Each structure stands twice: as C-alpha cells, then as structure tokens.
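Here we start with a single chain on its own, the form deposited in one PDB entry, put down as structure tokens.
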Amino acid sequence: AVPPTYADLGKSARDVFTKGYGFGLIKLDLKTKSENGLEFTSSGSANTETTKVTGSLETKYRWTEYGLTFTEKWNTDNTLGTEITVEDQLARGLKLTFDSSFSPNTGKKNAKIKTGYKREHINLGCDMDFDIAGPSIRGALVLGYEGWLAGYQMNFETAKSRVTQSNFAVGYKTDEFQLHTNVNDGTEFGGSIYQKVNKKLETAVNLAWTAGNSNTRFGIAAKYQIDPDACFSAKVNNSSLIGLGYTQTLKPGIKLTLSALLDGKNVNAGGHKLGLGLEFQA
C-alpha cells in the first residue's frame, strides 16, 4: 500500500472522537460540488456562550485535465487566501502546492510551498513557510511494511536556527483495525486503537501522558450507524466528561446534528453544554 502522510497517522481514531460533535456551537455547512466545474464550501459557526460568529467561504476549481486545483478562501477576519495545486503531473504521486495569504486589515502576507511525494510503502513531505516571523521548514516521512508504519516528523525555525519539533510514530494499520503510537519532542506520549467492529460500529481508545508527570489521560469513544440515515456517537474521558452526539439525514445530503457535553458534577447550573449542526451537500 501507499501509507498515509505523517499527519494522518491515527486519523480514524481521532475521527471517532471529533466528528459528530460540536458542543457550544451552532454550525452551518454548505457544499455544492459540480460533476464538471466549480466547488463551493461555506462554513458558519456561532459560539453560543461568547455570541461570536465565525464564517468562511471557499471556491475551488479542478482542471482535472492538467492535475490542477485552484482555490480561493475568505474568512470573517478578512483573511484572503489562494492555493494552486499540481498533482500527478511531473510524476505519479508527486504533489506541489503554492499557498498565499493576504490580510487587507493588517497587511499580513504569508506564503507557503508544500511538496509531497508518495508511492508504494513511502509517503514524504516538506512544507516551507515563508514569513517575516521567520521561514520554517516542516519535513515528514512515513515508511510502511506489511501493515506496519513508522514515521518521523520535524520542524526547523530558521531565525532560532534550531529544530523546534521532533516527532516519532509507530503503528499498525488494516482496514478494520488501527494501532497508533507517538512521542512528540521526547515529551508527549500518545497511543490509540481504532476498531471497525462491524458494518455498524466503530470504536476508539486514546491515551496520552507526559514525561515527568505520572498521570495519564484516556478516552473511550464509539460511533454507531443505527441505519444509513441515523448515526449515534458516545464518548467518555477520565476527566469525567461524557459527550453524546446524534446525526440524522433529513433528506439526501442534508444532515442535522445534536450534541451534549456533560460534566461530572451538578446539572442545575451551567454545566452540560449543547450543540447543533446542519450540513448541506448539493
């Protein structure tokens, strides 16, 4: 197989915890993809406690004839963004992205070049961040061998002339099961198991702990596809948090989400938080 990128090691397990829940938010997501042409994505988020409302729109065109993508982004902080991508064009599995950002308000310019090469057993990348703050280089390599996966990931900040990030991951990955472990910066240790237990049930267990501290954090989560139109998520962690999430397809490509976060204390006050999401695909 072609292995995942370094960032995607452990992603499935991460998804069982993160998708299906949006506590303290009212979320609106709109997607309109054309079989032959423009793709439009907008997201809008109200935080129900701060009354803050966030927004972003994205326009993306695929010229699938020349392996090209052009994207334009806009958000609520007046941050503008363009991204050009070339994939599979100079060689199979090579991907080159130029990404530029502009902020009319502040005049903050950012540019990035991201390069990726992947093939059977190997997934490499190298991101370059051009900045006033200072250029940094992020490199990643994932090697795979009969279901096993080994990866290394680094960041170099040129102004401080020092690696400021050095991450290792080891894992094992099938289509029904995933083991992931990592240590960031010789300091943060993490592990996860992901299980596709049947056609209707996904489960995940997550662990995290830190050099020099004897405590351990863990979470257990599930996702149960009741039928093709309804989906229940439940998760607990050892800080005493319980998350619940329910997703209902109302009409093809329209889904509605309710979620509740509950704490390990009283319920006659501002404890258990709520969330609502509506997702529309065209």
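Think of the rigid core as the biggest set of C-alphas that the two forms share within 1.5 Å after superposition. One-based numbering along the sequence shown.
A second form of this protein, the form deposited in another entry, is not displayed here; the remarks below concern that form.
S.K.: For the list 115, 184, 106, 210, which one shows a CA move of 2 Å or more between the shown form and the other one after the core is fit?
M.R.: Just 106.
S.K.: With both forms fitted on the core, give yes or no for whether the Cα of residue 44 moves by 2 angstroms or more between the shown form and the other one.
M.R.: Where the cores coincide, residue 44 still shows a C-alpha shift between the shown form and the other one that is 2 Å or more.
S.K.: With a threshold of 2 Å on the C-alpha, tell me if residue 265 counts as moved between the shown form and the other one once the core is superposed.
M.R.: Yes; residue 265 is a residue whose C-alpha shifts (by 2 Å or more) between the shown form and the other one when the cores are overlaid.
S.K.: Superposed on the rigid core, does the Cα of residue 34 end up 2 angstroms or more away between the shown form and the other one?
M.R.: Shift of 2 Å or more: yes.
S.K.: By 3 Å or more, the Cα spacing of residue 270 and residue 220 differs in the other form; is it closer or farther than in this view?
M.R.: Closer, not farther.
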